Amino acid sequence: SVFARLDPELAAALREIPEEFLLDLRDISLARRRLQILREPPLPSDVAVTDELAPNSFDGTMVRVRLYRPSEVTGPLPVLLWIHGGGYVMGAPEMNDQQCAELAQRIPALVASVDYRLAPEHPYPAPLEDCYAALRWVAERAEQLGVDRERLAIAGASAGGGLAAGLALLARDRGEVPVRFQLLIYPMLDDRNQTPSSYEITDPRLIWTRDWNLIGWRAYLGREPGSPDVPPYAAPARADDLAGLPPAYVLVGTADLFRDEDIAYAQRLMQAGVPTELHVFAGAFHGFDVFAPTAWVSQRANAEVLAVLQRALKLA
Amino acid sequence: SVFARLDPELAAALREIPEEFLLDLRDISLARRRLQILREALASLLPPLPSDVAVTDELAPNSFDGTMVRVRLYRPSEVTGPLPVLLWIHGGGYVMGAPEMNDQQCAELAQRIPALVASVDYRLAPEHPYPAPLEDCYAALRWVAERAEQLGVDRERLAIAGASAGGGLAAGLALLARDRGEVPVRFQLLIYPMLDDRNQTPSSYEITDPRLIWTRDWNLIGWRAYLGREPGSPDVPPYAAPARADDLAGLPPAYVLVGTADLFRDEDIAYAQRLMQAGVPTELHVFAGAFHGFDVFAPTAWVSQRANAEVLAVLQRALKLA
């Protein structure tokens with residue numbers, strides 16, 4: 001009944017999750033250590049996984065970038081900068097090792113996954129400047145990394161899709177690093193929590209609720225959600241001028257808190273002349289693609305993300 | 001340049017069409033000829049209709065005015081048990097087209113879903129304005145449901161579908177069928193539907209060159225013919241222009257497809273999002289750099305193949321036995 005608006009296969013996947021495994025953002029610290037304990041087929045043997053460090057001139061820190069290199073392939077590689085989710089307050093690149101290694105192999109591409117700092121300890125702009133530092137490092141060291149600087153895509157899921165959208169705006173405005181494509185998977189990109197869908201999801205059995213969203217945005221901004229003059233890099237839904245952004249793909253489910261902000265952002269990209277594909281999946285919840293990967297709709301989503309990245313990052 | 005916003009493979013397809021083959025809606029008889037010529041150019045490049053699909057014509061009674069509506073049936077031979085049914089409604093801006101224009105698409109859907117496909121020969125504007133064309137589709141829907149046990153079809157697996165003007169008629173038919181409460185509809189498949197007469201969305205101003213198939217001016221002429229009133233007039237019924245419908249709750253689950261370079265981009269996105277907000281399960285797919293009719297004008301393009309494969313996959317899933 002909490003599951004009533006879901007694709008029946010997705011409802012069945014969500015029913016098999018024990019109540020004690022669901023997110024509780026009362027205590028960020030517990031939710032994290034509980035999540036990392038939770039997580040723990042092995043990774044492809046033709047993908048080399050290494051950790052590198054990128055200088056961040058924001059505060060002079062070093063950002064860890066986890067690289068996934070397809071060992072088989074020859075010639076220079078396109079690159080996918082991947083940004084993980086977790087509501088700006090949790091997650092690590094390791095949570096997406098499986099997906100990143102699969103994309104490295106199948107695109108094929110060098111996948112560079114950003115170990116960005118978390119809120120509330122490191123609010124905006126720190127986590128986005130971490131992503132920008134990673135992007136700048138890939139671009140600058142392209143020949144050393146054996147990548148084509150002109151085939152640089154950025155991608156993220158949820159909070160990571162918000163960071164990816166804000167990275168596209170920030171990269172465009174700074175005029176240093178060209179970005180070929182942006183792949184936004186159910187991006188968390190509107191702090192205001194005023195869309196119809198932002199009121200529709202309140203039960204923690206649906207993964208990401210309005211209550212979790214308010215806590216995540218409050219931590220990330222260090223300001224109340226919907227505060228005046230939140231920078232467009234922090235909450236891309238607020239960005240007025242979207243002209244000259246990279247070609248985009250946006251995916252979201254109809255049973256996602258972010259349905260309405262994701263549709264509005266994709267439509268505004270289109271109205272600013274940015275080439276944009278938008279796919280809204282019927283009865284799909286937040287994280288359906290990774291929490292229920294055997295569902296017919298999840299397989300369609302995962303096959304499509306691969307197909308659009310193959311096409312976008314393909315040599316001319 | 002006119003083709004600047006298009007996927008390069010789609011721009012290549014449109015560059016190949018001679019200027020003299022394009023639609024001119026300022027003369028409806030000329031437009032019907034231009035479409036016959038385009039229809040021949042497209043069909044030229046396609047294989048023959050499958051041999052295992054029987055194509056026949058039947059008549060459905062229309063109690064609106066007592067006329068009979070031709071319904072063109074596409075029956076896959078290799079399936080002897082109960083079939084789902086797809087009611088197909090062709091495009092043509094409410095002023096042109098015939099079911100024969102989609103013989104290839106309907107025969108392939110009948111074979112591949114598989115389903116009985118029933119294609120509506122609705123009357124055209126301006127000779128037969130709203131509501132006649134929609135009541136023709138309603139008469140066809142009612143006939144399929146009533147005759148189901150002799151057609152050998154499952155009336156609990158009845159989908160309605162259309163392209164462009166046919167997608168407007170399909171959306172209007174879902175509303176009319178919901179409100180009359182006689183015939184349950186499992187699914188509505190709307191391909192770049194023409195469903196807002198008001199022409200006030202940003203995308204409705206973006207396409208003015210006839211080389212991009214459907215322009216603002218063609219849209220205003222089509223709507224004017226269909227309504228028998230100026231487009232954007234007050235009180236246009238929601239059945240005639242579904243974008244105007246206030247309450248979308250209880251409509252059949254939906255699939256909506258449109259390209260970013262379609263006049264209908266913004267009305268299609270808005271209709272799909274309003275379905276989702278009314279609790280109707282809805283899939284929306286907007287294809288980057290795709291023009292109006294990209295799926296039939298440029299079927300070999302990568303984006304066209306993805307669109308055609310997805311329409312099939314979605315219908316197979318919506319119409320399969322539980």
# chains A, B, ... in the order shown; residues from 1 in each chain; ligands from 1

$ interface_residues --of "chain B" --to "chain A" --cutoff "7 Å" --atoms "only C-alpha atoms" --output "ChimeraX atom specification"
/B:260,276,281-289

$ write_last_selection --atoms "C-alpha atoms" --output "PDB file, in the first residue's frame"
ATOM      1  CA  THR B 260      13.356  17.961 -28.531  1.00  0.00           C
ATOM      2  CA  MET B 276       2.084  11.369 -13.337  1.00  0.00           C
ATOM      3  CA  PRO B 281       1.496   5.269 -14.288  1.00  0.00           C
ATOM      4  CA  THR B 282       3.322   7.075 -17.147  1.00  0.00           C
ATOM      5  CA  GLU B 283       6.578   6.528 -19.061  1.00  0.00           C
ATOM      6  CA  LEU B 284       7.931   9.672 -20.824  1.00  0.00           C
ATOM      7  CA  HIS B 285      10.851   9.503 -23.310  1.00  0.00           C
ATOM      8  CA  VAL B 286      12.121  12.745 -24.908  1.00  0.00           C
ATOM      9  CA  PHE B 287      14.722  11.978 -27.664  1.00  0.00           C
ATOM     10  CA  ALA B 288      17.595  14.483 -28.176  1.00  0.00           C
ATOM     11  CA  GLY B 289      17.714  16.310 -31.532  1.00  0.00           C
TER      12      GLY B 289
END

$ select_by_dssp --residues "region 181-239 of chain B" --states "helix (DSSP H, G or I)" --output "VMD selection string"
chain B and resid 203 to 206 210 to 212 216 to 227

$ write_last_selection --atoms "N, CA and C atoms" --output "PDB file, in the first residue's frame"
ATOM      1  N   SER B 203       7.958  25.535 -27.358  1.00  0.00           N
ATOM      2  CA  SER B 203       8.262  24.680 -28.541  1.00  0.00           C
ATOM      3  C   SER B 203       7.281  24.968 -29.685  1.00  0.00           C
ATOM      4  N   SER B 204       6.057  25.429 -29.395  1.00  0.00           N
ATOM      5  CA  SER B 204       5.036  25.709 -30.436  1.00  0.00           C
ATOM      6  C   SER B 204       5.461  26.919 -31.274  1.00  0.00           C
ATOM      7  N   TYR B 205       6.427  27.716 -30.797  1.00  0.00           N
ATOM      8  CA  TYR B 205       6.968  28.876 -31.552  1.00  0.00           C
ATOM      9  C   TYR B 205       8.273  28.518 -32.265  1.00  0.00           C
ATOM     10  N   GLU B 206       8.869  27.376 -31.955  1.00  0.00           N
ATOM     11  CA  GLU B 206      10.278  27.077 -32.331  1.00  0.00           C
ATOM     12  C   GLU B 206      10.349  26.552 -33.773  1.00  0.00           C
ATOM     13  N   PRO B 210       9.032  24.489 -43.106  1.00  0.00           N
ATOM     14  CA  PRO B 210       8.412  23.261 -43.619  1.00  0.00           C
ATOM     15  C   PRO B 210       9.359  22.084 -43.880  1.00  0.00           C
ATOM     16  N   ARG B 211      10.669  22.333 -43.926  1.00  0.00           N
ATOM     17  CA  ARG B 211      11.689  21.262 -44.040  1.00  0.00           C
ATOM     18  C   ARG B 211      11.723  20.422 -42.761  1.00  0.00           C
ATOM     19  N   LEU B 212      11.158  20.905 -41.640  1.00  0.00           N
ATOM     20  CA  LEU B 212      11.115  20.148 -40.350  1.00  0.00           C
ATOM     21  C   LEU B 212       9.733  19.479 -40.156  1.00  0.00           C
ATOM     22  N   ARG B 216       4.492  25.536 -36.892  1.00  0.00           N
ATOM     23  CA  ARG B 216       3.436  26.255 -36.169  1.00  0.00           C
ATOM     24  C   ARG B 216       2.254  26.487 -37.122  1.00  0.00           C
ATOM     25  N   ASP B 217       2.506  27.028 -38.308  1.00  0.00           N
ATOM     26  CA  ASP B 217       1.438  27.383 -39.274  1.00  0.00           C
ATOM     27  C   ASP B 217       0.637  26.130 -39.676  1.00  0.00           C
ATOM     28  N   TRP B 218       1.297  25.004 -39.937  1.00  0.00           N
ATOM     29  CA  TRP B 218       0.602  23.743 -40.282  1.00  0.00           C
ATOM     30  C   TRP B 218      -0.280  23.362 -39.084  1.00  0.00           C
ATOM     31  N   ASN B 219       0.250  23.499 -37.871  1.00  0.00           N
ATOM     32  CA  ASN B 219      -0.453  23.139 -36.621  1.00  0.00           C
ATOM     33  C   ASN B 219      -1.710  23.994 -36.476  1.00  0.00           C
ATOM     34  N   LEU B 220      -1.623  25.300 -36.731  1.00  0.00           N
ATOM     35  CA  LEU B 220      -2.790  26.203 -36.586  1.00  0.00           C
ATOM     36  C   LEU B 220      -3.850  25.830 -37.637  1.00  0.00           C
ATOM     37  N   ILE B 221      -3.443  25.496 -38.858  1.00  0.00           N
ATOM     38  CA  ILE B 221      -4.390  25.134 -39.950  1.00  0.00           C
ATOM     39  C   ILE B 221      -5.095  23.825 -39.580  1.00  0.00           C
ATOM     40  N   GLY B 222      -4.337  22.833 -39.118  1.00  0.00           N
ATOM     41  CA  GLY B 222      -4.877  21.523 -38.701  1.00  0.00           C
ATOM     42  C   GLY B 222      -5.873  21.686 -37.575  1.00  0.00           C
ATOM     43  N   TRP B 223      -5.479  22.398 -36.526  1.00  0.00           N
ATOM     44  CA  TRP B 223      -6.378  22.622 -35.379  1.00  0.00           C
ATOM     45  C   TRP B 223      -7.616  23.404 -35.828  1.00  0.00           C
ATOM     46  N   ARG B 224      -7.445  24.398 -36.693  1.00  0.00           N
ATOM     47  CA  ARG B 224      -8.593  25.238 -37.102  1.00  0.00           C
ATOM     48  C   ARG B 224      -9.608  24.346 -37.828  1.00  0.00           C
ATOM     49  N   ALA B 225      -9.136  23.466 -38.704  1.00  0.00           N
ATOM     50  CA  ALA B 225      -9.965  22.509 -39.476  1.00  0.00           C
ATOM     51  C   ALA B 225     -10.670  21.533 -38.518  1.00  0.00           C
ATOM     52  N   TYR B 226      -9.936  20.971 -37.562  1.00  0.00           N
ATOM     53  CA  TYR B 226     -10.483  19.969 -36.628  1.00  0.00           C
ATOM     54  C   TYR B 226     -11.575  20.586 -35.748  1.00  0.00           C
ATOM     55  N   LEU B 227     -11.344  21.770 -35.176  1.00  0.00           N
ATOM     56  CA  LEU B 227     -12.267  22.352 -34.173  1.00  0.00           C
ATOM     57  C   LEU B 227     -13.452  23.035 -34.877  1.00  0.00           C
TER      58      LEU B 227
END

$ residues_around --residues "region 82-99 of chain B" --least-positions-apart "4" --cutoff "6 Å" --atoms "only C-alpha atoms" --output "PyMOL selection string"
chain B and resi 32+115-121+124-125+152-154+157-166+222+226+319

$ residues_around --residues "residue 37 (chain A)" --least-positions-apart "4" --cutoff "12 Å" --atoms "only C-alpha atoms" --output "MDAnalysis selection string"
chainID A and resid 21 30:33 91 95

$ write_last_selection --atoms "N, CA and C atoms" --output "PDB file, in the first residue's frame"
ATOM      1  N   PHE A  21      17.548  -2.417   7.840  1.00  0.00           N
ATOM      2  CA  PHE A  21      18.536  -2.078   6.774  1.00  0.00           C
ATOM      3  C   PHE A  21      18.183  -0.737   6.103  1.00  0.00           C
ATOM      4  N   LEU A  30      25.881   7.291  12.528  1.00  0.00           N
ATOM      5  CA  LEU A  30      25.403   5.892  12.637  1.00  0.00           C
ATOM      6  C   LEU A  30      25.009   5.415  11.237  1.00  0.00           C
ATOM      7  N   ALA A  31      24.101   6.131  10.566  1.00  0.00           N
ATOM      8  CA  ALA A  31      23.651   5.858   9.180  1.00  0.00           C
ATOM      9  C   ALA A  31      24.850   5.519   8.281  1.00  0.00           C
ATOM     10  N   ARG A  32      25.965   6.237   8.412  1.00  0.00           N
ATOM     11  CA  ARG A  32      27.191   6.004   7.606  1.00  0.00           C
ATOM     12  C   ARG A  32      27.818   4.653   7.967  1.00  0.00           C
ATOM     13  N   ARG A  33      28.248   4.496   9.225  1.00  0.00           N
ATOM     14  CA  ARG A  33      28.881   3.260   9.759  1.00  0.00           C
ATOM     15  C   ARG A  33      27.924   2.070   9.595  1.00  0.00           C
ATOM     16  N   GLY A  91      28.165   7.891   1.772  1.00  0.00           N
ATOM     17  CA  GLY A  91      28.627   7.190   0.567  1.00  0.00           C
ATOM     18  C   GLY A  91      30.115   7.370   0.359  1.00  0.00           C
ATOM     19  N   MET A  95      31.181   2.175  -2.996  1.00  0.00           N
ATOM     20  CA  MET A  95      29.751   1.776  -3.116  1.00  0.00           C
ATOM     21  C   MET A  95      29.408   1.498  -4.582  1.00  0.00           C
TER      22      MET A  95
END

$ atom_distance --atom1 "CA of residue 28 (chain A)" --atom2 "CA of residue 218 (chain A)"
12.3 Å

$ residues_around --residues "residue 305 (chain B)" --least-positions-apart "3" --cutoff "12 Å" --atoms "only C-alpha atoms" --output "list in words"
residues 9, 10, 287, 294, 295, 296, 297, 298, 299, 300, 301, 302, 308, 309, 310, 311 and 312 of chain B

$ write_last_selection --atoms "N, CA, C and O atoms" --output "compact mmCIF listing (two decimals), in the first residue's frame"
# COMPACT_ATOMS: atom_id res chain seq x y z
N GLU B 9 22.44 12.39 -37.97
CA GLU B 9 21.82 11.31 -38.79
C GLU B 9 20.41 11.73 -39.22
O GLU B 9 20.02 11.39 -40.35
N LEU B 10 19.67 12.44 -38.37
CA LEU B 10 18.30 12.90 -38.69
C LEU B 10 18.38 14.09 -39.65
O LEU B 10 17.51 14.19 -40.55
N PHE B 287 13.51 12.34 -26.88
CA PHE B 287 14.72 11.98 -27.66
C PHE B 287 15.43 13.25 -28.13
O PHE B 287 14.80 14.13 -28.70
N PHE B 294 10.43 11.49 -36.79
CA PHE B 294 11.81 10.98 -36.99
C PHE B 294 11.79 9.46 -37.14
O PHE B 294 12.59 8.93 -37.94
N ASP B 295 10.90 8.78 -36.43
CA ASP B 295 10.81 7.30 -36.37
C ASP B 295 10.41 6.72 -37.74
O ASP B 295 10.75 5.55 -37.98
N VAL B 296 9.70 7.47 -38.59
CA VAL B 296 9.21 6.94 -39.90
C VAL B 296 9.97 7.60 -41.05
O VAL B 296 10.18 6.90 -42.06
N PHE B 297 10.38 8.86 -40.91
CA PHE B 297 11.19 9.56 -41.93
C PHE B 297 12.62 9.03 -41.95
O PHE B 297 13.20 9.04 -43.03
N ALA B 298 13.18 8.58 -40.82
CA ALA B 298 14.60 8.19 -40.70
C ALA B 298 14.74 6.92 -39.87
O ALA B 298 15.45 6.89 -38.86
N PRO B 299 14.10 5.81 -40.30
CA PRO B 299 14.03 4.61 -39.48
C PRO B 299 15.39 3.93 -39.22
O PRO B 299 15.46 3.18 -38.27
N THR B 300 16.41 4.20 -40.03
CA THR B 300 17.75 3.57 -39.87
C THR B 300 18.61 4.38 -38.88
O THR B 300 19.61 3.84 -38.43
N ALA B 301 18.27 5.62 -38.55
CA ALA B 301 19.06 6.40 -37.56
C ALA B 301 19.09 5.66 -36.22
O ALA B 301 18.12 4.97 -35.89
N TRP B 302 20.20 5.76 -35.50
CA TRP B 302 20.41 5.13 -34.17
C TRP B 302 19.25 5.50 -33.22
O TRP B 302 18.69 4.60 -32.57
N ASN B 308 11.85 2.95 -31.95
CA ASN B 308 11.00 1.87 -32.52
C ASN B 308 11.11 0.63 -31.65
O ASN B 308 10.07 -0.03 -31.40
N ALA B 309 12.31 0.30 -31.17
CA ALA B 309 12.51 -0.88 -30.29
C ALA B 309 11.77 -0.66 -28.96
O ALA B 309 11.25 -1.64 -28.39
N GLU B 310 11.73 0.57 -28.46
CA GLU B 310 11.10 0.84 -27.14
C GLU B 310 9.56 0.78 -27.28
O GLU B 310 8.91 0.22 -26.38
N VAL B 311 9.00 1.35 -28.34
CA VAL B 311 7.53 1.28 -28.57
C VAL B 311 7.11 -0.20 -28.55
O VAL B 311 6.13 -0.51 -27.86
N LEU B 312 7.87 -1.09 -29.20
CA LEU B 312 7.55 -2.54 -29.25
C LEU B 312 7.66 -3.13 -27.86
O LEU B 312 6.75 -3.86 -27.45

$ select_by_dssp --residues "region 163-281 of chain B" --states "strand (DSSP E)" --output "list in words"
residues 163, 187, 188, 189, 190, 191, 254, 255, 256, 257, 258, 259, 260 and 261 of chain B

$ write_last_selection --atoms "C-alpha atoms" --output "mmCIF file, in the first residue's frame"
data_model
loop_
_atom_site.group_PDB
_atom_site.id
_atom_site.type_symbol
_atom_site.label_atom_id
_atom_site.label_comp_id
_atom_site.auth_asym_id
_atom_site.auth_seq_id
_atom_site.Cartn_x
_atom_site.Cartn_y
_atom_site.Cartn_z
ATOM 1 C CA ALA B 163 0.907 9.271 -33.784
ATOM 2 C CA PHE B 187 -2.871 1.197 -22.013
ATOM 3 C CA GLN B 188 -2.443 4.404 -24.062
ATOM 4 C CA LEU B 189 0.655 4.793 -26.310
ATOM 5 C CA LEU B 190 0.988 8.437 -27.499
ATOM 6 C CA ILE B 191 3.666 9.080 -30.194
ATOM 7 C CA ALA B 254 0.543 5.754 -20.595
ATOM 8 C CA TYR B 255 3.701 5.939 -22.724
ATOM 9 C CA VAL B 256 4.585 9.337 -24.284
ATOM 10 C CA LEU B 257 7.444 9.841 -26.808
ATOM 11 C CA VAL B 258 8.548 13.154 -28.412
ATOM 12 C CA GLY B 259 11.757 14.709 -29.826
ATOM 13 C CA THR B 260 13.356 17.961 -28.531
ATOM 14 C CA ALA B 261 13.015 19.477 -32.069
#

$ residues_around --residues "region 20-24 of chain B" --least-positions-apart "5" --cutoff "8 Å" --atoms "only C-alpha atoms" --output "ChimeraX atom specification"
/B:30-31,34-35,37-38,210-211,213,218

$ closest_residue --among "B:291, B:73, B:252, B:25" --to "residue 151 (chain B)" --atoms "only C-alpha atoms"
B:73

$ decode --residues "region 214-250 of chain B" --atoms "N, CA and C atoms" --output "PDB file, in the first residue's frame"
ATOM      1  N   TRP B 214       6.485  19.445 -39.566  1.00  0.00           N
ATOM      2  CA  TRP B 214       5.276  20.058 -38.958  1.00  0.00           C
ATOM      3  C   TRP B 214       5.641  21.400 -38.315  1.00  0.00           C
ATOM      4  N   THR B 215       5.063  22.479 -38.827  1.00  0.00           N
ATOM      5  CA  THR B 215       5.389  23.862 -38.396  1.00  0.00           C
ATOM      6  C   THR B 215       4.239  24.426 -37.571  1.00  0.00           C
ATOM      7  N   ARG B 216       4.492  25.536 -36.892  1.00  0.00           N
ATOM      8  CA  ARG B 216       3.436  26.255 -36.169  1.00  0.00           C
ATOM      9  C   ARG B 216       2.254  26.487 -37.122  1.00  0.00           C
ATOM     10  N   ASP B 217       2.506  27.028 -38.308  1.00  0.00           N
ATOM     11  CA  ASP B 217       1.438  27.383 -39.274  1.00  0.00           C
ATOM     12  C   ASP B 217       0.637  26.130 -39.676  1.00  0.00           C
ATOM     13  N   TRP B 218       1.297  25.004 -39.937  1.00  0.00           N
ATOM     14  CA  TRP B 218       0.602  23.743 -40.282  1.00  0.00           C
ATOM     15  C   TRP B 218      -0.280  23.362 -39.084  1.00  0.00           C
ATOM     16  N   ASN B 219       0.250  23.499 -37.871  1.00  0.00           N
ATOM     17  CA  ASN B 219      -0.453  23.139 -36.621  1.00  0.00           C
ATOM     18  C   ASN B 219      -1.710  23.994 -36.476  1.00  0.00           C
ATOM     19  N   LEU B 220      -1.623  25.300 -36.731  1.00  0.00           N
ATOM     20  CA  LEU B 220      -2.790  26.203 -36.586  1.00  0.00           C
ATOM     21  C   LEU B 220      -3.850  25.830 -37.637  1.00  0.00           C
ATOM     22  N   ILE B 221      -3.443  25.496 -38.858  1.00  0.00           N
ATOM     23  CA  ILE B 221      -4.390  25.134 -39.950  1.00  0.00           C
ATOM     24  C   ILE B 221      -5.095  23.825 -39.580  1.00  0.00           C
ATOM     25  N   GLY B 222      -4.337  22.833 -39.118  1.00  0.00           N
ATOM     26  CA  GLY B 222      -4.877  21.523 -38.701  1.00  0.00           C
ATOM     27  C   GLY B 222      -5.873  21.686 -37.575  1.00  0.00           C
ATOM     28  N   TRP B 223      -5.479  22.398 -36.526  1.00  0.00           N
ATOM     29  CA  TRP B 223      -6.378  22.622 -35.379  1.00  0.00           C
ATOM     30  C   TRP B 223      -7.616  23.404 -35.828  1.00  0.00           C
ATOM     31  N   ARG B 224      -7.445  24.398 -36.693  1.00  0.00           N
ATOM     32  CA  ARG B 224      -8.593  25.238 -37.102  1.00  0.00           C
ATOM     33  C   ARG B 224      -9.608  24.346 -37.828  1.00  0.00           C
ATOM     34  N   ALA B 225      -9.136  23.466 -38.704  1.00  0.00           N
ATOM     35  CA  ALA B 225      -9.965  22.509 -39.476  1.00  0.00           C
ATOM     36  C   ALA B 225     -10.670  21.533 -38.518  1.00  0.00           C
ATOM     37  N   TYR B 226      -9.936  20.971 -37.562  1.00  0.00           N
ATOM     38  CA  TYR B 226     -10.483  19.969 -36.628  1.00  0.00           C
ATOM     39  C   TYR B 226     -11.575  20.586 -35.748  1.00  0.00           C
ATOM     40  N   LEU B 227     -11.344  21.770 -35.176  1.00  0.00           N
ATOM     41  CA  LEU B 227     -12.267  22.352 -34.173  1.00  0.00           C
ATOM     42  C   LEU B 227     -13.452  23.035 -34.877  1.00  0.00           C
ATOM     43  N   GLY B 228     -13.270  23.519 -36.104  1.00  0.00           N
ATOM     44  CA  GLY B 228     -14.237  24.420 -36.756  1.00  0.00           C
ATOM     45  C   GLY B 228     -14.289  25.754 -36.026  1.00  0.00           C
ATOM     46  N   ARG B 229     -13.235  26.094 -35.286  1.00  0.00           N
ATOM     47  CA  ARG B 229     -13.137  27.330 -34.469  1.00  0.00           C
ATOM     48  C   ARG B 229     -11.670  27.754 -34.495  1.00  0.00           C
ATOM     49  N   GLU B 230     -11.382  29.016 -34.197  1.00  0.00           N
ATOM     50  CA  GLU B 230      -9.983  29.490 -34.102  1.00  0.00           C
ATOM     51  C   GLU B 230      -9.282  28.683 -33.008  1.00  0.00           C
ATOM     52  N   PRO B 231      -8.089  28.129 -33.282  1.00  0.00           N
ATOM     53  CA  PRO B 231      -7.275  27.534 -32.226  1.00  0.00           C
ATOM     54  C   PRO B 231      -7.079  28.520 -31.065  1.00  0.00           C
ATOM     55  N   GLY B 232      -7.216  28.021 -29.849  1.00  0.00           N
ATOM     56  CA  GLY B 232      -7.084  28.816 -28.616  1.00  0.00           C
ATOM     57  C   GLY B 232      -8.388  29.491 -28.237  1.00  0.00           C
ATOM     58  N   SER B 233      -9.495  29.217 -28.932  1.00  0.00           N
ATOM     59  CA  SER B 233     -10.838  29.720 -28.530  1.00  0.00           C
ATOM     60  C   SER B 233     -11.174  29.266 -27.116  1.00  0.00           C
ATOM     61  N   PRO B 234     -12.047  30.005 -26.404  1.00  0.00           N
ATOM     62  CA  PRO B 234     -12.519  29.564 -25.097  1.00  0.00           C
ATOM     63  C   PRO B 234     -13.356  28.272 -25.182  1.00  0.00           C
ATOM     64  N   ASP B 235     -13.246  27.426 -24.157  1.00  0.00           N
ATOM     65  CA  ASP B 235     -14.175  26.298 -23.889  1.00  0.00           C
ATOM     66  C   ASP B 235     -14.020  25.177 -24.935  1.00  0.00           C
ATOM     67  N   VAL B 236     -12.870  25.057 -25.603  1.00  0.00           N
ATOM     68  CA  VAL B 236     -12.606  23.889 -26.503  1.00  0.00           C
ATOM     69  C   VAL B 236     -12.704  22.647 -25.634  1.00  0.00           C
ATOM     70  N   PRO B 237     -13.543  21.646 -25.974  1.00  0.00           N
ATOM     71  CA  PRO B 237     -13.716  20.512 -25.069  1.00  0.00           C
ATOM     72  C   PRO B 237     -12.387  19.782 -24.858  1.00  0.00           C
ATOM     73  N   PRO B 238     -12.165  19.239 -23.646  1.00  0.00           N
ATOM     74  CA  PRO B 238     -10.949  18.482 -23.341  1.00  0.00           C
ATOM     75  C   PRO B 238     -10.781  17.232 -24.227  1.00  0.00           C
ATOM     76  N   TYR B 239     -11.882  16.657 -24.723  1.00  0.00           N
ATOM     77  CA  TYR B 239     -11.831  15.470 -25.624  1.00  0.00           C
ATOM     78  C   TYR B 239     -11.170  15.861 -26.941  1.00  0.00           C
ATOM     79  N   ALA B 240     -11.390  17.099 -27.387  1.00  0.00           N
ATOM     80  CA  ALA B 240     -10.858  17.686 -28.636  1.00  0.00           C
ATOM     81  C   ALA B 240      -9.392  18.106 -28.453  1.00  0.00           C
ATOM     82  N   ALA B 241      -9.050  18.672 -27.297  1.00  0.00           N
ATOM     83  CA  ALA B 241      -7.674  19.133 -26.971  1.00  0.00           C
ATOM     84  C   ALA B 241      -7.336  18.719 -25.552  1.00  0.00           C
ATOM     85  N   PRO B 242      -6.862  17.462 -25.376  1.00  0.00           N
ATOM     86  CA  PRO B 242      -6.596  16.882 -24.063  1.00  0.00           C
ATOM     87  C   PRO B 242      -5.644  17.687 -23.161  1.00  0.00           C
ATOM     88  N   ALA B 243      -4.767  18.521 -23.718  1.00  0.00           N
ATOM     89  CA  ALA B 243      -3.907  19.433 -22.921  1.00  0.00           C
ATOM     90  C   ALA B 243      -4.793  20.285 -21.991  1.00  0.00           C
ATOM     91  N   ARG B 244      -6.031  20.572 -22.393  1.00  0.00           N
ATOM     92  CA  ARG B 244      -6.979  21.410 -21.630  1.00  0.00           C
ATOM     93  C   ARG B 244      -7.687  20.620 -20.530  1.00  0.00           C
ATOM     94  N   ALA B 245      -7.576  19.295 -20.472  1.00  0.00           N
ATOM     95  CA  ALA B 245      -8.324  18.483 -19.494  1.00  0.00           C
ATOM     96  C   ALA B 245      -7.777  18.790 -18.102  1.00  0.00           C
ATOM     97  N   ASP B 246      -8.662  19.078 -17.154  1.00  0.00           N
ATOM     98  CA  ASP B 246      -8.300  19.446 -15.762  1.00  0.00           C
ATOM     99  C   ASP B 246      -7.945  18.173 -14.989  1.00  0.00           C
ATOM    100  N   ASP B 247      -8.835  17.183 -14.968  1.00  0.00           N
ATOM    101  CA  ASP B 247      -8.710  15.994 -14.087  1.00  0.00           C
ATOM    102  C   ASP B 247      -8.333  14.775 -14.939  1.00  0.00           C
ATOM    103  N   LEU B 248      -7.102  14.286 -14.763  1.00  0.00           N
ATOM    104  CA  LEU B 248      -6.525  13.180 -15.553  1.00  0.00           C
ATOM    105  C   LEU B 248      -6.557  11.884 -14.742  1.00  0.00           C
ATOM    106  N   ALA B 249      -7.073  11.892 -13.501  1.00  0.00           N
ATOM    107  CA  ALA B 249      -7.073  10.699 -12.629  1.00  0.00           C
ATOM    108  C   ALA B 249      -7.903   9.576 -13.283  1.00  0.00           C
ATOM    109  N   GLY B 250      -7.484   8.323 -13.111  1.00  0.00           N
ATOM    110  CA  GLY B 250      -8.231   7.145 -13.579  1.00  0.00           C
ATOM    111  C   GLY B 250      -8.065   6.912 -15.081  1.00  0.00           C
TER     112      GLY B 250
END
